Amino acid sequence: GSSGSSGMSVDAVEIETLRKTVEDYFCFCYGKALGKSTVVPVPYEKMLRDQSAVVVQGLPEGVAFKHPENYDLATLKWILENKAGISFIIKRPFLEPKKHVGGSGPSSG
């Protein structure tokens, strides 16, 4: 058995929860500008190499569009604060093959 079991900080669940909120947002702005009825996952890996297909506005100073995990807890809060303003401009959809029709009806469980 364990003697001095050391869990995780209580505030930790915060810094982690914040990164998630920002992660989704980027998806909302991206999918929203596309004109779809659902959120789309922003391909950071791709956007990183090619920052033209989709632009990002409403960002702070001395910053650079990147994963919401690379930003310090401090910065993270900012994004969420001035998020309502953050916008996304789609210049062109990345190059990728479409997916064949399979099963409709997205659910959780």
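Indices start at 1 and increase along the chain as displayed.
Quick check of the header: solution NMR.
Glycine too: its Cβ is placed from the backbone N, Cα and C atoms.
Straight from the PDB entry, the features:
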SEQADV    1-7  cloning artifact
SEQADV    104-109  cloning artifact
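Features as listed in Swiss-Prot:
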CROSSLNK  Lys36  SUMO2 cross-link
CROSSLNK  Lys46  SUMO2 cross-link
CROSSLNK  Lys91  SUMO2 cross-link
MOD_RES   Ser9  phosphoserine
MOD_RES   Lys36  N6-acetyllysine
REPEAT    9-103  repeat 'GTF2I-like 1'
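Here the features listed in Swiss-Prot are placed on the structure.
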residue : record           : contacts (Cβ under 8 Å, 6+ apart)
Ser9    : phosphoserine    : none
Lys36   : SUMO2 cross-link : none
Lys46   : SUMO2 cross-link : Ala53, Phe94
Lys91   : SUMO2 cross-link : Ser52, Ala53, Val54, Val55
Legend entry - Cβ contacts under 8 Å made by the cloning artifact (1-7) with residues that lie 6+ beyond its boundaries: none
